[PDB]
Amino acid sequence: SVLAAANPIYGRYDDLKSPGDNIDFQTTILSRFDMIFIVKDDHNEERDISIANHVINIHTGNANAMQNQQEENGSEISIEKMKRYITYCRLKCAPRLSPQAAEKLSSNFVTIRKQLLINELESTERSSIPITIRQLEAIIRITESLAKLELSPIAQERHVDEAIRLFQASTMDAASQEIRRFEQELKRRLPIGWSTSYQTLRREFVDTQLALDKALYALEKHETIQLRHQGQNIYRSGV
Amino acid sequence: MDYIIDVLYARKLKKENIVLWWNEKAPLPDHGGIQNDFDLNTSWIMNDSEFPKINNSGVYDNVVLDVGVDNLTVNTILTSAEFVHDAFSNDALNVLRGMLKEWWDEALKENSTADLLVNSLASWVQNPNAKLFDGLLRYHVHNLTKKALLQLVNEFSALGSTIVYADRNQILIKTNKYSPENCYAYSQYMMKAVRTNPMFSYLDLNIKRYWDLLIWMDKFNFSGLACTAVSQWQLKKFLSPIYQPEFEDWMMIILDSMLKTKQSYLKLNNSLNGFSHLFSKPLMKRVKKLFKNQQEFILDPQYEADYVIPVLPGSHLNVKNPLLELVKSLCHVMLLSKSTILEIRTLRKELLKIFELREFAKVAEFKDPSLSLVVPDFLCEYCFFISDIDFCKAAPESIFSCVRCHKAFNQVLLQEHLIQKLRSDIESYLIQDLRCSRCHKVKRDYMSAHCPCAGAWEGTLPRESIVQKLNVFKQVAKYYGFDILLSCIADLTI
Amino acid sequence: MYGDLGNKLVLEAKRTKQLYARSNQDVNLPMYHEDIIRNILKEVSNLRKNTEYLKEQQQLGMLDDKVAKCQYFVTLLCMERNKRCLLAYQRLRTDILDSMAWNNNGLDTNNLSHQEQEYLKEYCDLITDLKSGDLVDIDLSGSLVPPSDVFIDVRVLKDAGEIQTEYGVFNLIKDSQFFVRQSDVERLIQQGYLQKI
Amino acid sequence: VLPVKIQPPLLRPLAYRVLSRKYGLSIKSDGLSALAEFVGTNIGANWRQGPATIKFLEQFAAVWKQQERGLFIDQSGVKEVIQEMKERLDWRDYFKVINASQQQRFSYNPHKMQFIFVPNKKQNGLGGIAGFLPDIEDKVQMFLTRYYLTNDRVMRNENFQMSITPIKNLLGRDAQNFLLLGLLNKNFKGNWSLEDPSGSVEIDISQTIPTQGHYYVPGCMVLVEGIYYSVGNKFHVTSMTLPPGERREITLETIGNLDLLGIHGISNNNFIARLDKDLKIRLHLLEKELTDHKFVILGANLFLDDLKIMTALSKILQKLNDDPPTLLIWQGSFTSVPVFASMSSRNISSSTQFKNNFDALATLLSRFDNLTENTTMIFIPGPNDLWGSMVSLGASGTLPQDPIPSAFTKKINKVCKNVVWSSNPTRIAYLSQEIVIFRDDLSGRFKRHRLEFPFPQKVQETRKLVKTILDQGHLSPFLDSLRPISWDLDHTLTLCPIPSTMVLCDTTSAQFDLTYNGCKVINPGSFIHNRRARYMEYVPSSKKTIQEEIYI
Amino acid sequence: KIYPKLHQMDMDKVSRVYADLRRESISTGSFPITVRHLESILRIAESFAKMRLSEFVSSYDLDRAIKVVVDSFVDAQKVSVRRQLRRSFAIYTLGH
Ligand SMILES: [Zn+2]
Ligand SMILES: [Zn+2]
């Protein structure tokens, strides 16, 4: 196993810049990682307060007792016992996928491939973070490892759900990252506090055509619009 | 009078060839059968009412104009001006505009009936018993009223002033001026300059008070000199009885010191710089003596009733040291002074040292002792006055009687509005959209187990907030003895 | 092929056998494989439909003295195999349930089939019928380690208050210790309240 | 019996030699004192006087095995043995009403293909306020449970055991025939769509042929055959149908014959109650024995604030006092207007007016003695009743609707010997017949929202209703964005073991008493219609349904 | 010889200092406040207690450490915002 740690180009991730400019690594080496995490300082004040209280509890030496209580409570295990347990799992078990797990994984592969295709069209360039058939095998290995914890001789639907969730939380999240006329049209034609049902906006804009969903993503990130009611109602919530 | 408005509107609607949504049997508009079905837009339209009321807390040595407003709704309907699916029908709106202009002109020509009618319109646009009631019309008028209040604030601020507070009945305005006698001219110029803009042609702009010096954190918690000094504090009500007089005393001392400093600075020529120095050392000596006395007497049956903390509506929190609650309250009021944060902060440090509490200790931080329970848009039919009433932060007299006139509100009407608010919030909980907990996209599908970005779904109204709302409802019901509301609360669990 | 689901089920049988055999306690037996069993029973029903189809077509007569004989014999053997696999699985779980009955219940229920639950009830009723009949002077459900000591020290591992015995009491104070006749406390050692020897 | 001649230190060896030495049950001291005086107060004479002592101790031990009150005796346990000795059929022991909030919640586990019990956390005590509120987790599981029950019911039908492919299996399997099962969405983009736990797909209906005996409203579970086309990511629908309903016996026997009501016993998380076959048969024979029992159903929209209603009703109840019903279902919107927060204090307020109406009604019931002391009253709210009306203003709303509040029941509760103010989807658990009652005016909603496909009347438009409801297996097929459900309580609207009878009350359809899949569904659609009072007499011991009318 | 312990810690003060430093450091070009700076406050307070040969860190050591770190952050800012930021941060540091 290769566990690697790196900073982006420009050191801090530089969010408004393209990922293809922020990421040094070629798509060849990137594809060899089952999970790519892009880690960012969220700067959220509640989180920062929480981290500050935690880190103070580290430096004060409170954490020495806290970890021991957590271990004796059975909510945590030690370095030594975990080391032996990883060895035992690596020597006892090597699970297969059930047929149901196999189908869910296969359909998930075509789903994420479609997402990458449309994103490459929307950004009109090949993505730096890739999704390839090697990355299906990444989700397969993760599924098997998740079953390998409990020494289950087969992986099951639940393990595939967690494997898919982890891949979505890591490699997809790494991959995930004229309209100016249409947005001011929507601002003109939907005043504050009222709702346009989405499909009518789609018909009107088409009747003038993919600029619609870019406009909605921008206006939803801002306070001006709120996608109420299962996304059916475009609500001019803010300015 | 709403019924007379119904028939008289129905005439001009059919005369303009609109299909009429008169409903005899039920409040909801007869749109055909569709009116009987739940709808997320319709339920939002019925459940929603809150003005985005502005409240810029602080200290103000400039004179502050306490501007009353009335005929705001009428002004919006007169001065107002498919793709939009909860906008009221623009044809019917144009009829209501022209008809309201007709009634208003006849009121200007001193038709008592037309005058009474235009006064009563504010009831009819809200009243569900109106034969031509429509939630879309109520909401269209309401959000236009909201936009108009924001534009009125824009107009006053565009004329160089600054808004302390604003709602649908009242605006408090910082003038960038220092003397009331200097400004009895300029204030009338200012208000005229607003009303002469066409957007506000019909407003009852009325300068109800002149504040020489103002301390303000919300309309239930302020003090100031008026042109003479008044003090009112929902803060005070939560201090144990021994300390409520003590709070008022030090508030008068604070006002006195601020005024001495203002007039001193003006004789020498944000003027509040150094006001703490006139009373800080007496206050510390006093607090030390009180702390000694509390150690002597808090446990004593001779005195404990004066240390017992009051149970009250919206009583937010448990508290262990009532003297510390007084000190927290005083320090918070003084920390409103944006000009002078440092001197107050250093004094606050030297006070908390008496308890050996650290300057930033979580216990020493001031959290508001009161939880709001606002019933939006209550109607005083005796004077057609629309007011939000807060059952916790308002005093009891302002709950059981109107503020502008002083007719009493009917008890059962009052309890019914609380039950309507309660059930509206329970429904708003059950009909909420779910939001992704790490990317804030809305849940659009019906059977996903989590968002495609791997984030778990969470409520847009988290369950904890609604538990807290039901808790303040039970508190209000117990305190005022609202038997109907209390039995409704009982029937939820049981 | 028709034997495979039986092989999966008896590999399950072998793994649960090892699970039970590795420890001194009664390990809680794993979940009843309803899904594999239903797949086998549906497979048996299909094999029955094939025998029905063939015994119909022996009226039509195609090479039946050998060919129908062979098709019938093979599908019959597939059904015998599937019966053997099903009965091997069920007999093992029966054996483990009988063991648990004598060890505890004759003195985790979700993992049993309803037939197995009511079977375990009936078998406990049988054990109690034996020790309640003749031979009653021997507690037939008692231990099979020979009595080495008549008096033993026992440390109270969990609290249970004052209880009477044949001619006295024990107050089961937490972390108290008795010196006592083993025959007067054996039930509590089995029930996990007393620790030593 | 003689005076007590016992002391516990003397009875101790015998109590031990039975309970402990035979059965391992432990003699805790307080339970021993209670046991000793129980023995003494039945035997009287001393423990040495013959086998009756050991017989009595054995009877105690056997009853202890019946009550299963643990490894140690106690005074409360001795009291339990005494009560079980007092118990050493009456139909009132089995007839009961189950409100929506009082029903045993069962979640459906798809992997285990069976129900599992969930405690109602109002029981937990921490729910003394806001115990009733659901969790967000209930919302995400709400439609999943409907689908899993529907899918499981589909797989049991003989026609399928081609077979369903979950929607997510389609993706990339271009230009190929498939059978789907799915929730009929309308996507936010506007297109019609199906959804599955695995995913969703947009559909084209422009060439489809539905089967004709059904409605096809949004949110309805529909079996769908079609061709998937990846080029537009469409699914072109050949034909559409509602998944086949399942007869009550078949459902019950294949879920494992659970008691989902407490008609035989209450469940725990460690103990799912079983619908014991012999007791079921005994109750069924008693059910056929009680020829005389009759349930009388009044029509919907019984507005108590109209004198014509009250006059008609006075005449009806005067008939019923001659020969009281077993049971009398009142239902549906007891006021003409919905009762909501008043806008003015001059008139008598809305809530007070509603209270006055139940005062007037209690005045009527006072005159009818036989009725008041021999019936069971059941009240079922409708759209105009009190706390639902507050927020809905008489429209449809949060569906598992609460009973009318106890502040307004009081005079009724005084005059009547038996009353149950019950949820709108209330249930009656009669001897063996589970009987759902529901007051909704469905037929208008179905015809108002039915999918309009491209490409006698009164009988047909009610066959369609009941076939839709029972094939869909669930009283509210509509999306929660068209009829919101309290997420915790959606299990009450599900009908999964199809009820024995259903009073599916509806004011926008004709009266009927249809049967489908053995379920007898009746509708006394409206109390006052065509200048007649209308009410209906369901006869449980024969399942006849004699409609009745009074001219007024 | 000397290894000062943290004790009696003004956890809320250091937490508010770090939270405000993080918030105001969102300015794109500013000195990039990070968790290692939070630990730096503690290292600096320990060094000041070391200068006193004191095996416990007093409030004076921690307050001087906060003053150093906040001044180091404030000093790095452009003149367009430095007065406003110094005024805002003064509550943590000019109390000493
Ligand atoms: Zn008034
Ligand atoms: Zn998300």
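Its PDB header names cryo-EM as the technique used to obtain the model and reports a resolution of 3.2 Å.

Before going further, it helps to examine the overall build of chain A. Counting its regular elements, chain A contains eleven helices and five strands. Its C-alpha radius of gyration of 23 Å places chain A more than 25% over the 18 Å reference for a compact globule of 239 residues. Taken along its principal axes, the extent of the C-alpha atoms in chain A is 65 × 50 × 35 Å. Accessible area of chain A: about 14,900 Å², with a carbon and sulfur share of 52%. Of note, chain A has its 31 positive side-chain charges centred 5 Å away from the centre of its 33 negative side-chain charges.

Within chain E, the secondary structure is distributed over four helices and zero strands. From first element to last, N terminus to C terminus, chain E shows the α and β order α-α-α-α. The dimensions of chain E, computed from C-alpha atoms along their principal axes, are 45 × 25 × 20 Å.

Time to look at the coordination of the zinc ion (ligand 1). Residue and element names in this part refer to chain B. The protein atoms that coordinate the zinc ion (ligand 1) are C380 (SG), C383 (SG), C402 (SG) and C405 (SG), at distances of 2.3 Å. Around the zinc ion (ligand 1), the four donor atoms are arranged such that angles at the metal cover 104 to 118°; this shape is classified as tetrahedral. Read N to C, the donor residues that coordinate the zinc ion (ligand 1) are spaced as C-x2-C-x18-C-x2-C. A residue is classified by how much of its surface remains accessible, and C402, at 3% relative accessible area, is buried.

Geometrically, a metal with four donors at the corners of a regular tetrahedron has ideal angles of 109.5 degrees, and one with six donors at the corners of a regular octahedron has ideal angles of 90 or 180 degrees. Those donors, B:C436 (SG), B:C439 (SG), B:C451 (SG) and B:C453 (SG), are the protein atoms that reach the zinc ion (ligand 2), and they lie 2.3 Å from it. Here the donor residues of the zinc ion (ligand 2) share one chain and are spaced in sequence as C-x2-C-x11-C-x1-C.

Here we take up the environment of D:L10. All names here are of chain D. Positionally, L10 belongs in helix α1 (residues 8-23). In this structure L10 comes out as partly exposed when scored by relative accessible area, which is 46%. Measuring from C-alpha to C-alpha, the distance between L10 and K22 comes to 19 Å, with twelve residues separating the pair along the chain.

Moving on, we come to the sheet that holds strand β3 (residues 168-172) of chain C. Taken together, three strands build an open sheet; the order of strands is β3(C)-β2(C)-β1(D) and the sheet is antiparallel. Looking along the sheet, the strands with just one partner apiece sit at the ends: β3 of chain C together with β1 (27-28) of chain D. By the bridge criterion, two bridges tie strand β2 (residues 161-165) of chain C to β1(D) in an arrangement that is antiparallel. Within β1(D), the position partnered with C:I163 by the bridge is D:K28.

Okay, the interface of chain B and chain D next. Taken residue by residue, the interface counts 59 residues in chain B and 62 residues in chain D. Buried area between chain B and chain D, both sides added, is near 5,300 Å², and the carbon and sulfur share of it is 64%. The largest per-residue losses of area from chain B upon contact with chain D belong to B:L430, B:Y446 and B:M447, which jointly make up 17% of the total buried on that side. For the interface between chain B and chain D, the tally reads four salt bridges.

Under the defined criterion, the tally for this structure stands at 77 salt bridges over all chains. When the shortest N-O distance is used, the salt bridge between B:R358 and B:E356 registers 2.9 Å. Its salt-bridge partner being D:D440, residue D:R445 comes within 2.9 Å of it at the nearest N-O pair. We classify D:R445 as buried; its relative accessible area is 2%. Bridged by salt links that share partners, the residues A:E45, E:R16, E:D20, E:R23 and E:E24 form one connected network.

This part takes up the sheet that holds strand β5 (residues 233-235) of chain A. Residues and elements named next belong to chain A. In space, the three strands of this open sheet follow the order β3-β5-β4, with antiparallel pairing throughout. Two strands lie at the open edges of the sheet, namely β3 (195-197) and β4 (226-228), each paired on one side alone. Neighbouring strand axes in the sheet, compared pairwise and without regard to direction, differ in orientation by 30° on average. By the bridge criterion, three bridges tie β3 to β5 in an arrangement that is antiparallel. Bridged to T196 within β5 is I234.

In this complex, chain E contributes ten residues to the contact, which on the side of chain B involves nine residues. Listing elements by their share of the side of chain E that touches chain B, those giving two or more residues are α1 (11-24) and α4 (79-93) of chain E. Residues of the side of chain E that touches chain B, tallied by class, amount to four nonpolar, two polar and four charged.

With that settled, consider the arrangement of the chains. Taking contact number as the criterion, the leading pair out of seven pairs of chains in contact is chains B and D. In this structure chain B stays clear of chain C, and the shortest span between their C-alpha atoms is 25 Å. Without any contact between them, chain C and chain E keep their closest C-alpha atoms 39 Å apart.

Our focus in this paragraph is the environment of B:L430. Along the polypeptide, B:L430 turns up in helix α15 (residues 411-430). Among the residues examined, B:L430 registers a relative accessible area of 8% and is labelled buried. The spatial distance from the C-alpha of B:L430 to the C-alpha of B:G459 is 9.8 Å, given a sequence separation of 29 residues. What B:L430 contacts, discounting residues up to four positions off in sequence, is D:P134, D:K139, D:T398, D:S486 and D:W487.

Turning our eyes to something else, we now look at the side chain of D:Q67. All names here are of chain D. Note that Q67 resides in helix α3 (residues 52-67). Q67 gets classed as buried once you look at its relative accessible area, which sits at 13%. One polar contact links the side chain of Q67 to the main-chain amide nitrogen of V81, over a distance of 3.3 Å. Discounting chain neighbours no more than four positions away, the residues touching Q67 are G77, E80, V81 and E84.

Right, let's get into the pairing of strand β5 (residues 176-186) of chain D. All names here are of chain D. β5 sits mainly inside the fold: eight of its eleven residues count as buried. In the sheet, β5 pairs with strand β9 (residues 221-229) via eight bridges, with the strands oriented antiparallel. Looking at the pairing, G182 lines up with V222 of β9. Counting the residues that bridge the hairpin from β5 to strand β6 (residues 192-196) gives five residues, and of these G190 lies at a positive phi of roughly 110°.

Let's shift gears to the packing of helix α1 (residues 4-21) of chain C against helix α3 (residues 64-105) of chain C. All names here are of chain C. The geometry of α1 relative to α3 is characterised by a closest axis approach of 8 Å and an angle of 20° between their N-to-C directions. Considered as vectors, α1 and α3 are oriented roughly parallel to each other. Read as a crossing pair, α1 and α3 show a hand that is left-handed. When α1 is examined against α3, the residues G6, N7, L9, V10, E12, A13, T16, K17 and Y20 are found in contact with a partner set consisting of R81, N82, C85, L86, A88, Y89, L92, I96, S99 and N103. Here the residues of the contact of α1 with α3 sort into ten nonpolar, six polar and three charged.

The rules behind these values
- Residues numbered from 1 in each chain as written, not as in the entry; some residues may be left out.
- Chains lettered and ligands numbered in written order.
- Part of a larger assembly, values for the part shown.
- Heavy atoms only, no water.
- Residues with missing side-chain atoms left out of burial classes, pairs and counts.
- Helix = DSSP H or I, 4+ residues; strand = E, 2+ residues; numbered from the N terminus.
- Rg over C-alpha atoms; globule rule 2.2 N^0.38 Å.
- Areas by Shrake-Rupley, 256 points an atom, 1.4 Å probe, with all protein chains shown as cover.
- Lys, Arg positive; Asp, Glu negative; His and termini not counted.
- Charge placed at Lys NZ, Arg CZ, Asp CG, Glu CD.
- Donors = N, O, S within 2.8 Å, 3.2 Å for Na, K, Ca; no water.
- Tetrahedral: all angles 85-135°; square planar, octahedral: opposite > 155°, others 65-115°.
- Buried < 20%, exposed > 50% of the residue type's maximum accessible area, 1.4 Å probe, protein only.
- Pairing = 2+ DSSP bridges.
- Contact = heavy atoms within 4.5 Å.
- Buried area = accessible area lost by both parts, 1.4 Å probe.
- Salt bridge = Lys/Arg side-chain N within 4 Å of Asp/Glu carboxyl O.
- Axes fitted to C-alpha atoms, helices over the stretch in contact; angles between N-to-C directions.
- Nonpolar A, V, L, I, M, F, W, Y, C, P; charged D, E, K, R; others polar.
- Polar contact = N/O pair within 3.5 Å; in protein donor to acceptor, adjacent residues only side chain to side chain.
- Parallel < 35°, antiparallel > 145°, perpendicular 65-115°, else oblique.
- Left-handed = near helix turned anticlockwise from the far one by under 90°.

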